[PDB]
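Source file: coords_5.cif; contents: mmCIF, C-alpha atoms and all ligand atoms.
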```cif
data_input
#
loop_
_atom_site.group_PDB
_atom_site.id
_atom_site.type_symbol
_atom_site.label_atom_id
_atom_site.label_comp_id
_atom_site.auth_asym_id
_atom_site.auth_seq_id
_atom_site.Cartn_x
_atom_site.Cartn_y
_atom_site.Cartn_z
ATOM 1 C CA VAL A 3 0.000 0.000 0.000
ATOM 2 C CA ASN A 4 1.384 3.412 -1.128
ATOM 3 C CA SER A 5 0.115 7.026 -0.852
ATOM 4 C CA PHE A 6 -1.307 7.699 -4.337
ATOM 5 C CA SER A 7 -5.001 8.590 -4.186
ATOM 6 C CA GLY A 8 -7.963 8.716 -6.595
ATOM 7 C CA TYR A 9 -6.258 6.866 -9.436
ATOM 8 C CA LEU A 10 -8.299 4.783 -11.876
ATOM 9 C CA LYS A 11 -6.840 1.303 -12.470
ATOM 10 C CA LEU A 12 -6.119 0.578 -16.131
ATOM 11 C CA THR A 13 -4.100 -2.653 -15.835
ATOM 12 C CA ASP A 14 -2.363 -4.757 -13.183
ATOM 13 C CA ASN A 15 0.377 -2.094 -12.991
ATOM 14 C CA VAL A 16 -0.866 1.121 -14.693
ATOM 15 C CA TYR A 17 -3.037 3.759 -12.994
ATOM 16 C CA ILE A 18 -4.269 7.137 -14.306
ATOM 17 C CA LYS A 19 -5.626 10.423 -12.917
ATOM 18 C CA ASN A 20 -6.596 13.869 -14.253
ATOM 19 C CA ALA A 21 -4.006 15.947 -12.396
ATOM 20 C CA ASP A 22 -0.987 18.247 -12.704
ATOM 21 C CA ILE A 23 2.132 16.083 -12.133
ATOM 22 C CA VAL A 24 3.689 18.911 -10.055
ATOM 23 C CA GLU A 25 0.699 19.024 -7.678
ATOM 24 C CA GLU A 26 0.737 15.226 -7.397
ATOM 25 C CA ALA A 27 4.479 15.319 -6.631
ATOM 26 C CA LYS A 28 4.142 18.035 -3.963
ATOM 27 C CA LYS A 29 1.363 16.072 -2.228
ATOM 28 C CA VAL A 30 2.844 12.486 -2.532
ATOM 29 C CA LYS A 31 6.586 13.169 -2.511
ATOM 30 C CA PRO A 32 7.083 9.904 -4.480
ATOM 31 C CA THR A 33 10.364 8.068 -4.694
ATOM 32 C CA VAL A 34 10.509 8.822 -8.446
ATOM 33 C CA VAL A 35 8.868 11.525 -10.529
ATOM 34 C CA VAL A 36 9.399 11.290 -14.283
ATOM 35 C CA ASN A 37 10.263 14.391 -16.244
ATOM 36 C CA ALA A 38 9.376 14.641 -19.954
ATOM 37 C CA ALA A 39 12.877 15.857 -20.831
ATOM 38 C CA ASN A 40 14.719 16.776 -24.003
ATOM 39 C CA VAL A 41 18.268 15.634 -24.769
ATOM 40 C CA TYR A 42 19.765 18.927 -23.519
ATOM 41 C CA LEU A 43 17.788 18.890 -20.258
ATOM 42 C CA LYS A 44 16.517 22.391 -21.138
ATOM 43 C CA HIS A 45 13.327 22.658 -19.011
ATOM 44 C CA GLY A 46 11.180 25.274 -20.705
ATOM 45 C CA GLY A 47 7.545 24.150 -20.784
ATOM 46 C CA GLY A 48 5.057 21.331 -20.215
ATOM 47 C CA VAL A 49 6.121 18.803 -17.576
ATOM 48 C CA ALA A 50 9.741 19.955 -17.608
ATOM 49 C CA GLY A 51 9.127 23.691 -17.318
ATOM 50 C CA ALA A 52 6.448 23.166 -14.653
ATOM 51 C CA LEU A 53 8.551 20.803 -12.494
ATOM 52 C CA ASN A 54 11.580 23.079 -12.830
ATOM 53 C CA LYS A 55 9.638 26.200 -11.770
ATOM 54 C CA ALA A 56 8.344 24.248 -8.803
ATOM 55 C CA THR A 57 12.020 23.586 -7.803
ATOM 56 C CA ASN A 58 12.829 27.324 -8.056
ATOM 57 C CA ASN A 59 15.179 26.490 -10.997
ATOM 58 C CA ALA A 60 17.288 24.060 -8.936
ATOM 59 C CA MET A 61 16.413 21.296 -11.405
ATOM 60 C CA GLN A 62 17.847 23.381 -14.265
ATOM 61 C CA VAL A 63 21.044 24.208 -12.346
ATOM 62 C CA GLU A 64 21.626 20.531 -11.581
ATOM 63 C CA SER A 65 20.783 19.574 -15.172
ATOM 64 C CA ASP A 66 23.256 22.075 -16.635
ATOM 65 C CA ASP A 67 26.047 20.540 -14.553
ATOM 66 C CA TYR A 68 24.968 17.054 -15.711
ATOM 67 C CA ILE A 69 25.150 18.068 -19.383
ATOM 68 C CA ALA A 70 28.461 19.896 -18.932
ATOM 69 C CA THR A 71 29.935 16.647 -17.556
ATOM 70 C CA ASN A 72 28.185 13.982 -19.664
ATOM 71 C CA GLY A 73 26.866 15.620 -22.827
ATOM 72 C CA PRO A 74 23.329 15.217 -24.123
ATOM 73 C CA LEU A 75 21.061 12.274 -23.531
ATOM 74 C CA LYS A 76 19.907 10.011 -26.359
ATOM 75 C CA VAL A 77 16.348 10.192 -27.649
ATOM 76 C CA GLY A 78 14.794 7.217 -25.849
ATOM 77 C CA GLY A 79 17.296 7.559 -22.994
ATOM 78 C CA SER A 80 17.204 8.781 -19.425
ATOM 79 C CA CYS A 81 19.175 9.866 -16.395
ATOM 80 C CA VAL A 82 18.437 9.881 -12.665
ATOM 81 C CA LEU A 83 18.920 13.212 -10.902
ATOM 82 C CA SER A 84 17.617 14.731 -7.689
ATOM 83 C CA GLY A 85 13.895 15.155 -7.156
ATOM 84 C CA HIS A 86 14.596 18.339 -5.176
ATOM 85 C CA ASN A 87 11.474 19.351 -3.187
ATOM 86 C CA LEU A 88 9.163 17.185 -5.335
ATOM 87 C CA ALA A 89 10.449 13.558 -4.989
ATOM 88 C CA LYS A 90 13.453 11.634 -3.879
ATOM 89 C CA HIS A 91 14.606 11.277 -7.489
ATOM 90 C CA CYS A 92 13.676 12.657 -10.877
ATOM 91 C CA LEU A 93 13.979 10.263 -13.801
ATOM 92 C CA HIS A 94 14.510 12.514 -16.841
ATOM 93 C CA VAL A 95 13.240 10.521 -19.846
ATOM 94 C CA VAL A 96 13.506 11.688 -23.462
ATOM 95 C CA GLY A 97 10.612 10.600 -25.630
ATOM 96 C CA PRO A 98 10.753 11.389 -29.340
ATOM 97 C CA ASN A 99 9.573 14.858 -30.278
ATOM 98 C CA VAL A 100 7.352 14.486 -33.377
ATOM 99 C CA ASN A 101 7.603 18.277 -33.973
ATOM 100 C CA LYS A 102 11.362 17.630 -34.647
ATOM 101 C CA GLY A 103 10.963 14.531 -36.913
ATOM 102 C CA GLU A 104 12.162 11.969 -34.346
ATOM 103 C CA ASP A 105 11.206 8.258 -34.767
ATOM 104 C CA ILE A 106 8.010 7.423 -32.815
ATOM 105 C CA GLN A 107 9.365 3.858 -32.425
ATOM 106 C CA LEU A 108 11.758 5.371 -29.860
ATOM 107 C CA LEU A 109 8.757 5.904 -27.570
ATOM 108 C CA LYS A 110 8.912 2.239 -26.534
ATOM 109 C CA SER A 111 12.608 2.616 -25.682
ATOM 110 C CA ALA A 112 11.756 5.707 -23.628
ATOM 111 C CA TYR A 113 9.141 3.841 -21.579
ATOM 112 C CA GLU A 114 11.569 0.933 -20.985
ATOM 113 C CA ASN A 115 13.509 3.249 -18.668
ATOM 114 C CA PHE A 116 10.558 3.081 -16.249
ATOM 115 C CA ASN A 117 11.229 -0.642 -15.658
ATOM 116 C CA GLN A 118 14.344 0.213 -13.627
ATOM 117 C CA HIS A 119 12.099 1.681 -10.866
ATOM 118 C CA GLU A 120 9.515 -0.186 -8.815
ATOM 119 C CA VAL A 121 7.038 2.729 -8.590
ATOM 120 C CA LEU A 122 6.862 6.003 -10.545
ATOM 121 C CA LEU A 123 4.708 9.108 -10.845
ATOM 122 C CA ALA A 124 4.819 9.964 -14.543
ATOM 123 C CA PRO A 125 3.316 11.972 -17.407
ATOM 124 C CA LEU A 126 2.364 10.759 -20.870
ATOM 125 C CA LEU A 127 5.637 10.778 -22.865
ATOM 126 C CA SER A 128 5.867 12.319 -26.374
ATOM 127 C CA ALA A 129 2.270 13.684 -26.139
ATOM 128 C CA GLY A 130 1.156 17.284 -25.532
ATOM 129 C CA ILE A 131 3.860 19.742 -26.739
ATOM 130 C CA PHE A 132 6.016 16.827 -28.022
ATOM 131 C CA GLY A 133 3.461 16.342 -30.846
ATOM 132 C CA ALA A 134 2.613 12.618 -30.795
ATOM 133 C CA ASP A 135 -0.758 10.836 -30.484
ATOM 134 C CA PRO A 136 -1.715 10.533 -26.766
ATOM 135 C CA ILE A 137 -3.901 7.426 -27.155
ATOM 136 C CA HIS A 138 -0.835 5.832 -28.685
ATOM 137 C CA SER A 139 1.483 6.915 -25.882
ATOM 138 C CA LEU A 140 -0.833 5.338 -23.309
ATOM 139 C CA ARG A 141 -0.955 2.094 -25.303
ATOM 140 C CA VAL A 142 2.854 1.938 -25.537
ATOM 141 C CA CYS A 143 3.076 2.630 -21.800
ATOM 142 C CA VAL A 144 0.689 -0.208 -20.932
ATOM 143 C CA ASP A 145 2.451 -2.607 -23.310
ATOM 144 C CA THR A 146 6.000 -1.696 -22.173
ATOM 145 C CA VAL A 147 6.089 -0.736 -18.498
ATOM 146 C CA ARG A 148 5.938 -3.654 -16.058
ATOM 147 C CA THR A 149 6.590 -1.694 -12.847
ATOM 148 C CA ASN A 150 3.896 0.320 -11.086
ATOM 149 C CA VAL A 151 3.204 3.590 -12.877
ATOM 150 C CA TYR A 152 0.852 6.362 -11.746
ATOM 151 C CA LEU A 153 0.080 8.562 -14.760
ATOM 152 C CA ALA A 154 -0.919 12.171 -14.184
ATOM 153 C CA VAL A 155 -2.707 13.725 -17.216
ATOM 154 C CA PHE A 156 -3.066 17.527 -16.969
ATOM 155 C CA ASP A 157 -5.785 18.124 -19.570
ATOM 156 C CA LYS A 158 -9.228 17.138 -18.287
ATOM 157 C CA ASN A 159 -10.650 16.703 -21.768
ATOM 158 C CA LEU A 160 -7.788 14.402 -22.781
ATOM 159 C CA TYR A 161 -8.048 12.339 -19.563
ATOM 160 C CA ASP A 162 -11.721 11.649 -20.367
ATOM 161 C CA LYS A 163 -10.845 10.634 -23.931
ATOM 162 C CA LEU A 164 -7.976 8.360 -22.813
ATOM 163 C CA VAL A 165 -10.213 6.512 -20.351
ATOM 164 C CA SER A 166 -13.203 6.204 -22.680
ATOM 165 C CA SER A 167 -11.083 4.869 -25.566
ATOM 166 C CA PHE A 168 -8.920 2.523 -23.482
ATOM 167 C CA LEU A 169 -8.842 -1.115 -24.626
HETATM 168 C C1 LIG A 201 -0.626 14.282 -22.484
HETATM 169 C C2 LIG A 201 0.708 14.933 -22.146
HETATM 170 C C3 LIG A 201 0.627 16.005 -21.066
HETATM 171 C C4 LIG A 201 2.048 16.309 -20.560
HETATM 172 N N1 LIG A 201 2.064 17.523 -19.773
HETATM 173 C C5 LIG A 201 1.744 17.485 -18.369
HETATM 174 N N2 LIG A 201 1.321 16.367 -17.823
HETATM 175 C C6 LIG A 201 1.042 16.312 -16.534
HETATM 176 N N3 LIG A 201 1.171 17.343 -15.733
HETATM 177 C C7 LIG A 201 1.614 18.519 -16.226
HETATM 178 N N4 LIG A 201 1.856 19.717 -15.654
HETATM 179 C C8 LIG A 201 2.282 20.544 -16.615
HETATM 180 N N5 LIG A 201 2.331 19.893 -17.772
HETATM 181 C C9 LIG A 201 1.910 18.632 -17.550
HETATM 182 N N6 LIG A 201 0.052 17.257 -21.523
HETATM 183 C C10 LIG A 201 -1.234 17.684 -21.001
HETATM 184 O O1 LIG A 201 -1.856 16.999 -20.253
HETATM 185 C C11 LIG A 201 -1.824 19.025 -21.423
HETATM 186 C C12 LIG A 201 -1.457 19.482 -22.819
HETATM 187 C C13 LIG A 201 -2.496 18.967 -23.784
HETATM 188 C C14 LIG A 201 -3.560 19.781 -24.112
HETATM 189 C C15 LIG A 201 -4.519 19.325 -24.991
HETATM 190 C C16 LIG A 201 -4.411 18.056 -25.522
HETATM 191 C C17 LIG A 201 -3.347 17.243 -25.188
HETATM 192 C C18 LIG A 201 -2.386 17.697 -24.311
#
```
For this file, write the structure as structure tokens.
Amino acid sequence: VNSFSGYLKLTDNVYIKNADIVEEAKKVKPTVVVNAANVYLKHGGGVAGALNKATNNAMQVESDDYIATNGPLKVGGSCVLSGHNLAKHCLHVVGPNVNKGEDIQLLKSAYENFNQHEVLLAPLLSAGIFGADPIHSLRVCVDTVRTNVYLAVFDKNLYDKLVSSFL
């Protein structure tokens, strides 16, 4: 038994809620919050910009040091950094950005990173500002992640559509 509340069960291991991931993080303080990152860990908008603002830019400062040492992530890749005031850890995961021509098949690789963590609070990768089909992202999540994932979907209208269309 964990501290996530009001989630709808989709599968054995996938749960979903209409919520802002930042507000869920602040309330739950989960072991792992997933950031919808880009390869440069430049946190400007969506999940990344919202989480970073909630850390008072500490996430960006830490990320800039990570990139200066290690160089960019791969599309489909990830790194574990601090969760600051929001979680123990933040798993920065790079889904493909359709608005940049990246291969949607890399979305499965992106979700595979979740399997290294027993429980995660996460957003829908590659959807929203990243330009890919959200029904598809949820399907890839369900078919790829085997650990326990609590999905926070910000847009009410999209949350209703994801639930109603779920197979
Ligand atoms: C489905 C991907 C998520 C990712 N972004 C976030 N997910 C969770 N919490 C967040 N807090 C700040 N951004 C958040 N985008 C949204 O839900 C809203 C954008 C949108 C509007 C209309 C149709 C589809 C998508």
Practice task
Just the residues within 8 Å of residue 64 of chain A, please, counting all atoms listed in the file, with nothing from its chain fewer than 4 positions along; format it as a ChimeraX atom specification.
Solution key: /A:60,68,83
Practice task
Run the PyMOL selection byres (((chain A and resi 109-120) around 8) and not hetatm) on the file and write out the hits as a ChimeraX atom specification.
Solution key: /A:34,77-80,95-98,105-108,121-122,127-128,139,142-143,146-150
Practice task
All residues within 12 Å of ligand LIG 201 (chain A) are required, counting all atoms listed in the file; please report them as a PyMOL selection string.
Solution key: chain A and resi 18-27+35-39+45-56+97+123-140+152-164
List as a tab-separated table (two decimals) with C-alpha atoms, in the frame of the given file: which residues have an atom within 6 Å of (-3.5, 3.8, -22.0), counting all atoms listed in the file?
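Okay, selection.tsv is ready:
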```tsv
chain	number	residue	atom	x	y	z
A	140	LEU	CA	-0.83	5.34	-23.31
A	141	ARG	CA	-0.96	2.09	-25.30
A	144	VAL	CA	0.69	-0.21	-20.93
A	168	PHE	CA	-8.92	2.52	-23.48
```
Exercise for the section: Using the chain letters and numbers from the file, give me the residues hit by the PyMOL selection byres (((chain A and resi 91) around 9) and not hetatm), as JSON, numbers by chain. Expected result: {"A": [32, 33, 34, 35, 36, 82, 83, 84, 85, 86, 88, 89, 90, 92, 93]}
Exercise for the section: Would you mind telling me which residue in A:167, A:62, A:4, A:40 lies nearest to residue 76 of chain A when using all atoms listed in the file? Expected result: A:40
Practice task
Measure the distance from atom CA of residue 69 of chain A to atom CA of residue 30 of chain A in Å and round it to one decimal.
Solution key: 28.5 Å
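You will find atom CA of residue 151 of chain A at 5.1 Å from atom CA of residue 16 of chain A.
Remark: for residue 145 of chain A, the closest of the candidate residues A:169, A:65, A:71, A:8 is A:169 (distances computed over all atoms listed in the file).
As for atom CA of residue 42 of chain A and atom CA of residue 75 of chain A, they are spaced 6.8 Å apart.
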